[PDB]
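Engineer: Dropping in model_0.pdb, which is PDB, C-alpha atoms and all ligand atoms:
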```
ATOM      1  CA  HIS A   4       0.000   0.000   0.000
ATOM      2  CA  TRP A   5       0.995   3.567  -0.163
ATOM      3  CA  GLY A   6       3.955   5.138   1.525
ATOM      4  CA  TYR A   7       6.994   7.316   0.916
ATOM      5  CA  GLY A   8       9.501   4.859  -0.784
ATOM      6  CA  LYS A   9      10.655   4.403  -4.364
ATOM      7  CA  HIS A  10       8.145   1.906  -5.006
ATOM      8  CA  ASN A  11       5.123   3.254  -3.194
ATOM      9  CA  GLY A  12       5.702   7.007  -2.825
ATOM     10  CA  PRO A  13       3.936  10.127  -4.029
ATOM     11  CA  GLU A  14       4.746   9.587  -7.640
ATOM     12  CA  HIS A  15       2.673   6.266  -7.468
ATOM     13  CA  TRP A  16      -0.351   7.413  -5.517
ATOM     14  CA  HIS A  17      -2.395   8.365  -8.572
ATOM     15  CA  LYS A  18      -2.865   4.667  -9.529
ATOM     16  CA  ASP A  19      -4.950   3.992  -6.434
ATOM     17  CA  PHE A  20      -6.188   7.540  -5.910
ATOM     18  CA  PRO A  21      -6.719   9.218  -9.300
ATOM     19  CA  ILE A  22      -7.685  12.502  -7.524
ATOM     20  CA  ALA A  23      -3.858  12.845  -7.044
ATOM     21  CA  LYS A  24      -3.832  14.547 -10.464
ATOM     22  CA  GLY A  25      -6.924  16.684  -9.530
ATOM     23  CA  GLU A  26      -7.509  20.414  -9.784
ATOM     24  CA  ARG A  27      -7.072  21.326  -6.113
ATOM     25  CA  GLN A  28      -4.205  19.208  -4.775
ATOM     26  CA  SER A  29      -1.868  20.069  -1.948
ATOM     27  CA  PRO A  30       0.755  21.039  -1.004
ATOM     28  CA  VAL A  31       1.782  23.883  -3.292
ATOM     29  CA  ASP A  32       4.618  26.328  -3.573
ATOM     30  CA  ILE A  33       3.669  29.703  -2.059
ATOM     31  CA  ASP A  34       5.062  32.434  -4.343
ATOM     32  CA  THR A  35       5.164  35.315  -2.000
ATOM     33  CA  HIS A  36       5.335  37.867  -4.750
ATOM     34  CA  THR A  37       2.199  36.705  -6.404
ATOM     35  CA  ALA A  38       0.022  36.056  -3.345
ATOM     36  CA  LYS A  39      -2.204  39.046  -3.074
ATOM     37  CA  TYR A  40      -3.135  40.830   0.126
ATOM     38  CA  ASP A  41      -6.858  40.480   0.744
ATOM     39  CA  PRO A  42      -8.069  43.168   3.164
ATOM     40  CA  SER A  43     -11.377  41.440   3.483
ATOM     41  CA  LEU A  44      -9.758  38.455   5.251
ATOM     42  CA  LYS A  45     -10.215  38.333   9.036
ATOM     43  CA  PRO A  46      -7.872  37.637  11.761
ATOM     44  CA  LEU A  47      -7.728  34.098  12.640
ATOM     45  CA  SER A  48      -9.373  33.004  15.862
ATOM     46  CA  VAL A  49      -7.565  30.064  17.417
ATOM     47  CA  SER A  50      -9.386  29.028  20.659
ATOM     48  CA  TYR A  51      -7.462  26.248  22.230
ATOM     49  CA  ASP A  52      -7.821  26.985  25.968
ATOM     50  CA  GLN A  53     -10.191  24.057  26.568
ATOM     51  CA  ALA A  54      -8.411  21.553  24.284
ATOM     52  CA  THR A  55      -8.387  17.981  25.527
ATOM     53  CA  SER A  56      -5.608  15.824  24.136
ATOM     54  CA  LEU A  57      -6.141  12.078  24.543
ATOM     55  CA  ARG A  58      -3.531   9.916  22.830
ATOM     56  CA  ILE A  59      -0.575   9.786  20.487
ATOM     57  CA  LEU A  60      -0.464   7.177  17.707
ATOM     58  CA  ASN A  61       2.189   6.020  15.198
ATOM     59  CA  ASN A  62       0.065   5.258  12.161
ATOM     60  CA  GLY A  63       2.914   4.097   9.995
ATOM     61  CA  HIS A  64       3.018   7.445   8.042
ATOM     62  CA  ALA A  65       3.460   9.938  10.887
ATOM     63  CA  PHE A  66       2.357  10.256  14.457
ATOM     64  CA  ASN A  67      -0.941  11.851  15.374
ATOM     65  CA  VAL A  68      -1.788  13.654  18.609
ATOM     66  CA  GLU A  69      -5.526  13.103  18.963
ATOM     67  CA  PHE A  70      -8.083  15.332  20.689
ATOM     68  CA  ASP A  71     -11.554  14.907  22.085
ATOM     69  CA  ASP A  72     -13.676  16.415  19.265
ATOM     70  CA  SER A  73     -17.070  15.394  20.811
ATOM     71  CA  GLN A  74     -17.751  19.080  21.821
ATOM     72  CA  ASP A  75     -16.541  22.680  20.812
ATOM     73  CA  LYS A  76     -13.488  22.688  22.996
ATOM     74  CA  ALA A  77     -10.679  23.605  20.626
ATOM     75  CA  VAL A  78     -11.864  25.512  17.621
ATOM     76  CA  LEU A  79     -10.703  27.514  14.718
ATOM     77  CA  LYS A  80     -12.794  30.257  13.250
ATOM     78  CA  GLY A  81     -12.385  33.529  11.400
ATOM     79  CA  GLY A  82      -9.780  34.110   8.834
ATOM     80  CA  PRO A  83     -11.109  32.756   5.543
ATOM     81  CA  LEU A  84     -13.531  30.481   7.282
ATOM     82  CA  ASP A  85     -17.306  30.572   7.625
ATOM     83  CA  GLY A  86     -18.471  28.767  10.725
ATOM     84  CA  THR A  87     -16.631  26.720  13.341
ATOM     85  CA  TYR A  88     -14.015  24.029  12.871
ATOM     86  CA  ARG A  89     -13.111  21.580  15.684
ATOM     87  CA  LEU A  90      -9.611  20.328  16.299
ATOM     88  CA  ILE A  91      -9.322  16.559  15.831
ATOM     89  CA  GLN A  92      -5.545  15.886  15.585
ATOM     90  CA  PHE A  93      -2.201  17.280  14.739
ATOM     91  CA  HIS A  94       0.783  15.672  13.088
ATOM     92  CA  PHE A  95       4.056  16.577  11.353
ATOM     93  CA  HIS A  96       5.932  15.935   8.159
ATOM     94  CA  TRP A  97       9.746  16.006   8.240
ATOM     95  CA  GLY A  98      12.909  15.224   6.418
ATOM     96  CA  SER A  99      16.000  13.042   6.603
ATOM     97  CA  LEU A 100      18.042  16.305   6.672
ATOM     98  CA  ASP A 101      17.285  19.794   7.804
ATOM     99  CA  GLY A 102      17.090  21.076   4.186
ATOM    100  CA  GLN A 103      13.846  19.284   3.401
ATOM    101  CA  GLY A 104      10.749  18.054   5.159
ATOM    102  CA  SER A 105       8.027  20.609   4.674
ATOM    103  CA  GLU A 106       5.139  19.977   2.289
ATOM    104  CA  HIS A 107       4.393  23.571   1.416
ATOM    105  CA  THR A 108       7.329  25.621   0.197
ATOM    106  CA  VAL A 109       7.816  29.397   0.250
ATOM    107  CA  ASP A 110       9.453  30.768  -2.889
ATOM    108  CA  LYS A 111      10.712  27.134  -3.357
ATOM    109  CA  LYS A 112      12.276  27.120   0.126
ATOM    110  CA  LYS A 113      11.773  23.871   2.004
ATOM    111  CA  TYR A 114      11.631  23.976   5.811
ATOM    112  CA  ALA A 115      12.877  21.138   8.069
ATOM    113  CA  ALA A 116       9.337  20.128   8.978
ATOM    114  CA  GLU A 117       5.705  21.181   8.876
ATOM    115  CA  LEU A 118       3.021  20.903  11.532
ATOM    116  CA  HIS A 119      -0.598  20.323  10.501
ATOM    117  CA  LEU A 120      -3.425  21.053  12.953
ATOM    118  CA  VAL A 121      -6.500  19.435  11.444
ATOM    119  CA  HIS A 122      -9.991  20.735  12.107
ATOM    120  CA  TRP A 123     -13.439  19.726  10.775
ATOM    121  CA  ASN A 124     -16.471  21.831  10.037
ATOM    122  CA  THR A 125     -19.077  21.310  12.686
ATOM    123  CA  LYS A 127     -21.932  21.855  10.238
ATOM    124  CA  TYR A 128     -21.217  18.322   8.870
ATOM    125  CA  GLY A 129     -21.516  16.543  12.209
ATOM    126  CA  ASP A 130     -18.475  14.240  12.058
ATOM    127  CA  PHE A 131     -15.051  14.053  10.396
ATOM    128  CA  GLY A 132     -16.005  11.333   7.995
ATOM    129  CA  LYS A 133     -18.883  13.420   6.590
ATOM    130  CA  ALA A 134     -16.782  16.568   6.550
ATOM    131  CA  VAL A 135     -14.091  15.134   4.313
ATOM    132  CA  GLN A 136     -16.748  14.617   1.601
ATOM    133  CA  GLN A 137     -17.348  18.349   1.396
ATOM    134  CA  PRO A 138     -15.278  21.007  -0.309
ATOM    135  CA  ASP A 139     -15.331  23.137   2.885
ATOM    136  CA  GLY A 140     -15.136  20.245   5.263
ATOM    137  CA  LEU A 141     -11.679  20.748   6.789
ATOM    138  CA  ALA A 142      -9.447  23.588   7.845
ATOM    139  CA  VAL A 143      -5.783  22.817   8.290
ATOM    140  CA  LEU A 144      -3.425  25.182  10.033
ATOM    141  CA  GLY A 145       0.057  24.672   8.718
ATOM    142  CA  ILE A 146       3.126  25.844  10.601
ATOM    143  CA  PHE A 147       6.714  25.597   9.361
ATOM    144  CA  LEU A 148       9.537  24.371  11.534
ATOM    145  CA  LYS A 149      13.131  25.610  11.206
ATOM    146  CA  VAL A 150      16.081  24.249  13.178
ATOM    147  CA  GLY A 151      17.558  26.642  15.755
ATOM    148  CA  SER A 152      16.500  27.146  19.342
ATOM    149  CA  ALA A 153      14.429  24.469  21.046
ATOM    150  CA  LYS A 154      10.657  24.781  21.249
ATOM    151  CA  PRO A 155       9.795  24.138  24.880
ATOM    152  CA  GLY A 156       6.246  23.344  24.109
ATOM    153  CA  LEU A 157       7.297  20.530  21.785
ATOM    154  CA  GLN A 158       9.427  18.648  24.296
ATOM    155  CA  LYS A 159       6.506  16.668  25.802
ATOM    156  CA  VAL A 160       5.856  15.248  22.348
ATOM    157  CA  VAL A 161       9.523  14.486  21.724
ATOM    158  CA  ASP A 162       9.940  12.620  24.926
ATOM    159  CA  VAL A 163       6.980  10.205  24.369
ATOM    160  CA  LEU A 164       8.244   9.150  20.908
ATOM    161  CA  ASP A 165      10.327   6.265  22.277
ATOM    162  CA  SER A 166       7.083   4.639  23.418
ATOM    163  CA  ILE A 167       5.494   4.730  19.978
ATOM    164  CA  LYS A 168       8.439   3.747  17.870
ATOM    165  CA  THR A 169       6.697   1.449  15.425
ATOM    166  CA  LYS A 170       3.489   1.385  13.400
ATOM    167  CA  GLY A 171       0.351   0.701  15.431
ATOM    168  CA  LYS A 172       1.745   1.749  18.791
ATOM    169  CA  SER A 173      -0.151   4.311  20.844
ATOM    170  CA  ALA A 174       0.302   5.975  24.216
ATOM    171  CA  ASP A 175      -1.865   8.032  26.531
ATOM    172  CA  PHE A 176      -1.215  11.696  25.861
ATOM    173  CA  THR A 177      -3.410  13.775  28.107
ATOM    174  CA  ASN A 178      -3.151  17.397  29.128
ATOM    175  CA  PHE A 179      -1.021  18.542  26.181
ATOM    176  CA  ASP A 180      -1.579  22.203  25.269
ATOM    177  CA  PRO A 181      -1.204  22.893  21.534
ATOM    178  CA  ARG A 182      -0.880  26.622  22.165
ATOM    179  CA  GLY A 183       2.719  25.948  22.865
ATOM    180  CA  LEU A 184       3.308  25.044  19.227
ATOM    181  CA  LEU A 185       2.171  28.351  17.720
ATOM    182  CA  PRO A 186       4.441  31.222  16.557
ATOM    183  CA  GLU A 187       3.913  34.795  17.779
ATOM    184  CA  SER A 188       2.161  36.071  14.653
ATOM    185  CA  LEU A 189      -0.955  34.649  13.113
ATOM    186  CA  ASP A 190      -0.331  36.229   9.696
ATOM    187  CA  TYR A 191      -1.168  33.662   7.028
ATOM    188  CA  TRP A 192      -1.662  32.615   3.451
ATOM    189  CA  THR A 193      -4.791  30.717   2.413
ATOM    190  CA  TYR A 194      -5.893  28.657  -0.555
ATOM    191  CA  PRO A 195      -8.276  25.752  -1.342
ATOM    192  CA  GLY A 196      -6.682  22.322  -1.495
ATOM    193  CA  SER A 197      -6.562  18.751  -0.391
ATOM    194  CA  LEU A 198      -5.336  16.224   2.126
ATOM    195  CA  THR A 199      -1.684  15.586   1.432
ATOM    196  CA  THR A 200      -1.920  11.825   2.037
ATOM    197  CA  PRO A 201      -4.265   9.300   0.487
ATOM    198  CA  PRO A 202      -7.184   9.526  -0.057
ATOM    199  CA  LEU A 203      -6.106  13.044  -1.167
ATOM    200  CA  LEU A 204      -9.653  14.394  -0.837
ATOM    201  CA  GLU A 205     -10.247  17.950  -2.028
ATOM    202  CA  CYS A 206     -11.887  19.142   1.235
ATOM    203  CA  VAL A 207      -9.370  21.487   2.813
ATOM    204  CA  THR A 208      -9.126  25.218   3.352
ATOM    205  CA  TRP A 209      -5.419  25.665   3.986
ATOM    206  CA  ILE A 210      -4.221  28.329   6.383
ATOM    207  CA  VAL A 211      -0.383  28.438   6.289
ATOM    208  CA  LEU A 212       1.278  30.697   8.852
ATOM    209  CA  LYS A 213       4.032  32.991   7.616
ATOM    210  CA  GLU A 214       6.157  32.864  10.746
ATOM    211  CA  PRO A 215       7.963  29.489  11.391
ATOM    212  CA  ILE A 216       8.594  28.055  14.805
ATOM    213  CA  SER A 217      12.066  27.117  15.836
ATOM    214  CA  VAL A 218      12.910  23.627  17.091
ATOM    215  CA  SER A 219      16.308  22.302  18.059
ATOM    216  CA  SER A 220      18.388  19.850  16.120
ATOM    217  CA  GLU A 221      18.015  17.417  19.015
ATOM    218  CA  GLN A 222      14.209  17.646  18.814
ATOM    219  CA  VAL A 223      14.120  16.870  15.086
ATOM    220  CA  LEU A 224      16.669  14.079  15.523
ATOM    221  CA  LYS A 225      14.197  12.333  17.780
ATOM    222  CA  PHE A 226      11.497  12.487  15.150
ATOM    223  CA  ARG A 227      13.880  10.755  12.770
ATOM    224  CA  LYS A 228      14.260   7.763  15.128
ATOM    225  CA  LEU A 229      10.654   6.774  14.617
ATOM    226  CA  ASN A 230       9.872   3.796  12.326
ATOM    227  CA  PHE A 231       7.504   3.315   9.443
ATOM    228  CA  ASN A 232       7.554  -0.429  10.112
ATOM    229  CA  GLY A 233       5.772  -2.429  12.735
ATOM    230  CA  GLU A 234       7.428  -4.121  15.679
ATOM    231  CA  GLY A 235       9.687  -7.002  14.761
ATOM    232  CA  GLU A 236       9.897  -5.954  11.151
ATOM    233  CA  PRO A 237      12.984  -4.647   9.293
ATOM    234  CA  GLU A 238      13.667  -1.122  10.544
ATOM    235  CA  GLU A 239      12.900   1.714   8.119
ATOM    236  CA  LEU A 240      13.315   5.102   9.672
ATOM    237  CA  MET A 241      10.306   7.415   9.441
ATOM    238  CA  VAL A 242      11.859  10.243   7.480
ATOM    239  CA  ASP A 243      10.901  12.147   4.319
ATOM    240  CA  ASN A 244       7.165  11.660   4.931
ATOM    241  CA  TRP A 245       6.290  14.682   2.798
ATOM    242  CA  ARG A 246       4.475  15.047  -0.489
ATOM    243  CA  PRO A 247       6.164  17.466  -2.928
ATOM    244  CA  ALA A 248       4.476  20.584  -4.240
ATOM    245  CA  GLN A 249       1.650  20.082  -6.741
ATOM    246  CA  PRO A 250       0.451  22.282  -9.600
ATOM    247  CA  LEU A 251      -1.434  25.351  -8.513
ATOM    248  CA  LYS A 252      -3.824  25.146 -11.492
ATOM    249  CA  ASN A 253      -6.614  27.598 -11.364
ATOM    250  CA  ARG A 254      -6.028  28.817  -7.742
ATOM    251  CA  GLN A 255      -5.095  31.977  -6.066
ATOM    252  CA  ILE A 256      -3.184  32.171  -2.828
ATOM    253  CA  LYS A 257      -4.326  35.063  -0.609
ATOM    254  CA  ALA A 258      -2.350  36.819   2.099
ATOM    255  CA  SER A 259      -3.806  38.148   5.299
ATOM    256  CA  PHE A 260      -1.046  40.753   5.657
ATOM    257  CA  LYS A 261       0.815  43.403   3.736
TER     258      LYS A 261
HETATM  259 ZN    ZN B   1      -0.189  16.605   7.111
END
```
Take the structure in this file and express it as structure tokens.
Structural biologist:
Amino acid sequence: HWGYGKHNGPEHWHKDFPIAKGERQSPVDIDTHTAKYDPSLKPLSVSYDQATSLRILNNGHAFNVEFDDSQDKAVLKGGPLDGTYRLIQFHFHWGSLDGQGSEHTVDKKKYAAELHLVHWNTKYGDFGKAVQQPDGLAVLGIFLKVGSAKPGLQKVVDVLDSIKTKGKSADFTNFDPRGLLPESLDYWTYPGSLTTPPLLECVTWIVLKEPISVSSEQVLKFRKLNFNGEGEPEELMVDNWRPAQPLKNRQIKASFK
């Protein structure tokens, strides 16, 4: 099945998921000179004070930090969005080396990693229904550069040993995702897709301009994870990013001047 190797990576996905060659695929390159400022865009409202993290899971493609999404406890609103989007999980994409790892690029620059906070539109009742709708999801994307450590990431880093291989989970309560955000909420936005199969075209992307800094030691720990299950040949979980896809008939809008 699908993955990030030579034989099963992004360049193969279209055979099982023909929407891979669709009109609104993600990620994309953000050309900062052609993204236009849209004064009609609102500030983003990120309301994470009541967020309830539950568990962390290695799904064989990344690790997900999962939230209780059975009530409006952590929500995204405003910005480009109409209505209320509930946080369900976050995860990262990262590289084998610090010079690659992000999915989106900025003027063809690749960051070391990219954080995706995934939210679903409450008007559709559940995640599974939301991903069938063109406005079903809102994903907040945050770039990671290597420099100073991110204190708010360390709790995630230190549990990774317990979820080394595919299918492992661990309790992960009381984690506050506010500690993963940069200072500024200035963003770019465009309509796109999930970046992993099934590649559904259901996402409003909100990509923050300001990266967070993580330390080399933090990223090194991500790269010790495994794609494989327990007692299988070890294949380090690295380079779990899809490259930029054609922009097609889309415009990228900026919230800032
Ligand atoms: Zn992602």
Engineer: Applied to this file, what does the PyMOL selection byres (((chain A and resi 248) around 10) and not hetatm) return in terms of residues, put as an MDAnalysis selection string?
Structural biologist: chainID A and resid 28:33 105:108 111 199 245:247 249:251
Engineer: Nearest to residue 39 in chain A: which of A:192, A:231, A:51, A:147 is it, counting only C-alpha atoms?
Structural biologist: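 Counting only C-alpha atoms, the residue closest to residue 39 in chain A is A:192.
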Engineer: I'd like to see the residues matched by the PyMOL selection byres (((chain A and resi 228) around 9) and not hetatm) on this file, and ideally I'd get them as a list in words.
Structural biologist: residues 164, 165, 168, 224, 225, 226, 227, 229, 230, 240, 241 and 242 of chain A
Engineer: Throw together the list of residues within 9 Å of ligand ZN 1 (chain B), counting only C-alpha atoms and all ligand atoms, and drop it here as number ranges by chain.
Structural biologist: A: 65, 93-96, 106, 117-121, 143, 145, 198-200, 245
Engineer: With only C-alpha atoms as the atoms that count, which of A:211, A:142, A:189, A:163 lies nearest to residue 45 in chain A?
Structural biologist: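 That would be A:189, the residue with the smallest distance to residue 45 in chain A.
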Engineer: Rounded to one decimal place, report the CA of residue 123 in chain A-CA of residue 64 in chain A distance in Å.
Structural biologist: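 Pair CA of residue 123 in chain A / CA of residue 64 in chain A returns 20.7 Å.
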Engineer: Padding of 3 Å on every side, edges along x, y and z, all listed atoms of range 27-42 of chain A included: what centre and edge lengths in Å, to one decimal, does that box have, as JSON?
Structural biologist:
```
{"center_x": -1.4, "center_y": 31.2, "center_z": -1.6, "size_x": 19.4, "size_y": 30.0, "size_z": 15.6}
```
Engineer: Between A:215, A:196, A:237, A:201, which residue has the minimum interatomic distance to residue 13 in chain A, considering only C-alpha atoms?
Structural biologist: A:201
Engineer: Could you pull range 153-165 of chain A out of the structure I just pasted and write it to a file containing N, CA and C atoms, as a PDB file, in the first residue's frame?
Structural biologist:
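Below is the file that was written, part.pdb:
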```
ATOM      1  N   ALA A 153      15.485  25.402  20.712  1.00  0.00           N
ATOM      2  CA  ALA A 153      14.429  24.469  21.046  1.00  0.00           C
ATOM      3  C   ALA A 153      13.080  25.140  21.223  1.00  0.00           C
ATOM      4  N   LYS A 154      12.021  24.372  20.946  1.00  0.00           N
ATOM      5  CA  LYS A 154      10.657  24.781  21.249  1.00  0.00           C
ATOM      6  C   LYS A 154      10.241  24.112  22.507  1.00  0.00           C
ATOM      7  N   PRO A 155      10.157  24.823  23.620  1.00  0.00           N
ATOM      8  CA  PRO A 155       9.795  24.138  24.880  1.00  0.00           C
ATOM      9  C   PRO A 155       8.499  23.397  24.829  1.00  0.00           C
ATOM     10  N   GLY A 156       7.491  23.961  24.184  1.00  0.00           N
ATOM     11  CA  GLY A 156       6.246  23.344  24.109  1.00  0.00           C
ATOM     12  C   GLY A 156       6.127  22.068  23.274  1.00  0.00           C
ATOM     13  N   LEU A 157       7.194  21.765  22.525  1.00  0.00           N
ATOM     14  CA  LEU A 157       7.297  20.530  21.785  1.00  0.00           C
ATOM     15  C   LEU A 157       7.878  19.391  22.586  1.00  0.00           C
ATOM     16  N   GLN A 158       8.589  19.678  23.682  1.00  0.00           N
ATOM     17  CA  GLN A 158       9.427  18.648  24.296  1.00  0.00           C
ATOM     18  C   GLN A 158       8.581  17.506  24.808  1.00  0.00           C
ATOM     19  N   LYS A 159       7.348  17.734  25.337  1.00  0.00           N
ATOM     20  CA  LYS A 159       6.506  16.668  25.802  1.00  0.00           C
ATOM     21  C   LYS A 159       6.189  15.645  24.704  1.00  0.00           C
ATOM     22  N   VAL A 160       6.049  16.137  23.492  1.00  0.00           N
ATOM     23  CA  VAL A 160       5.856  15.248  22.348  1.00  0.00           C
ATOM     24  C   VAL A 160       7.113  14.472  22.070  1.00  0.00           C
ATOM     25  N   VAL A 161       8.258  15.132  21.990  1.00  0.00           N
ATOM     26  CA  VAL A 161       9.523  14.486  21.724  1.00  0.00           C
ATOM     27  C   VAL A 161       9.802  13.370  22.722  1.00  0.00           C
ATOM     28  N   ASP A 162       9.520  13.593  23.974  1.00  0.00           N
ATOM     29  CA  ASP A 162       9.940  12.620  24.926  1.00  0.00           C
ATOM     30  C   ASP A 162       9.065  11.404  25.003  1.00  0.00           C
ATOM     31  N   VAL A 163       7.852  11.401  24.411  1.00  0.00           N
ATOM     32  CA  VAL A 163       6.980  10.205  24.369  1.00  0.00           C
ATOM     33  C   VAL A 163       7.274   9.335  23.128  1.00  0.00           C
ATOM     34  N   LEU A 164       8.076   9.834  22.167  1.00  0.00           N
ATOM     35  CA  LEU A 164       8.244   9.150  20.908  1.00  0.00           C
ATOM     36  C   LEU A 164       8.888   7.772  21.025  1.00  0.00           C
ATOM     37  N   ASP A 165       9.757   7.565  22.007  1.00  0.00           N
ATOM     38  CA  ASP A 165      10.327   6.265  22.277  1.00  0.00           C
ATOM     39  C   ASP A 165       9.263   5.196  22.538  1.00  0.00           C
TER      40      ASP A 165
END
```
